[PDB]
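Every residue, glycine among them, receives a Cβ derived from its backbone with ideal geometry; neighbour counts consider all protein chains shown. No value in this document is a laboratory result; all are computed from the given coordinates.
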């Protein structure tokens, strides 16, 4: 019980100090890998699924996605047709960063 708390606080501090990422960010990033490794996904559509899967609010998700993008761990492209349609996706660099990051998580914990 208290055991989870310690490892959790610990993981949170570690990732924050090293990556300037929160655990929300990690959870969102993990989810992007299940949705836009290959294809690009519409922002609105990912937001919907992320809310359901992560029980996170719309703005919290937006904050996370924007931070991942600013930190060069996630990518975006707009529609040339509709100025308001935005997609996210992971390029190869993003994927290699993803893998490095989650190997780091795995070893901290276990």
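Okay, residues lined up against (1) in contact with a helix residue (DSSP H, G or I) (Cβ under 7 Å, 6 or more places away or on another chain); (2) not in a helix (DSSP H, G or I):
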position: 64; (1), (2): yes, no
position: 83; (1), (2): no, yes
position: 94; (1), (2): no, no
position: 97; (1), (2): no, no
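Of the conditions (1) within 21 Å of residue 102 (Cα to Cα); (2) out of contact with any strand residue (DSSP E or B) (no Cβ under 8 Å at 6 or more places or on another chain); (3) without any contact (Cβ under 8 Å) to a residue 40 or more places away in the chain, residue 52 clears all except one; give me its number.
So residue 52 meets the others, but not (1).
Would you confirm, using the coordinates I've provided, whether residue 105 is assigned to a helix (DSSP H, G or I) and under 23 Å from residue 5 (Cβ atoms)?
yes
The conditions are (1) exposed (fewer than 13 other Cβ atoms within 10 Å of the Cβ); (2) within 15 Å of residue 77 (Cβ to Cβ); (3) touching a residue at least 40 places away in the same chain (Cβ under 8 Å), and residue 41 fails exactly one of them. Which is it?
It fails just one condition, (1).
Do you know which residues across the range 1-43 are in contact with a strand residue (DSSP E or B) (Cβ under 6 Å, 6 or more places away or on another chain) and part of a helix (DSSP H, G or I)?
Answer for the range 1-43, where residues must be in contact with a strand residue (DSSP E or B) (Cβ under 6 Å, 6 or more places away or on another chain) and part of a helix (DSSP H, G or I): 35, 43.
Identify, from the list 65, 86, the residue that is surrounded by 14 or more Cβ atoms within 10 Å (Cβ to Cβ), touching a residue at least 12 places away in the same chain (Cβ under 8 Å) and farther than 25 Å from residue 104 by Cβ.
None of the other options fit; the residue is 86.
Please find, among 20, 71, the residue that is loosely packed, with under 14 Cβ neighbours inside 10 Å and in contact (Cβ under 8 Å) with a residue 12 or more places away in the chain.
Result of the check over 20, 71: 20.
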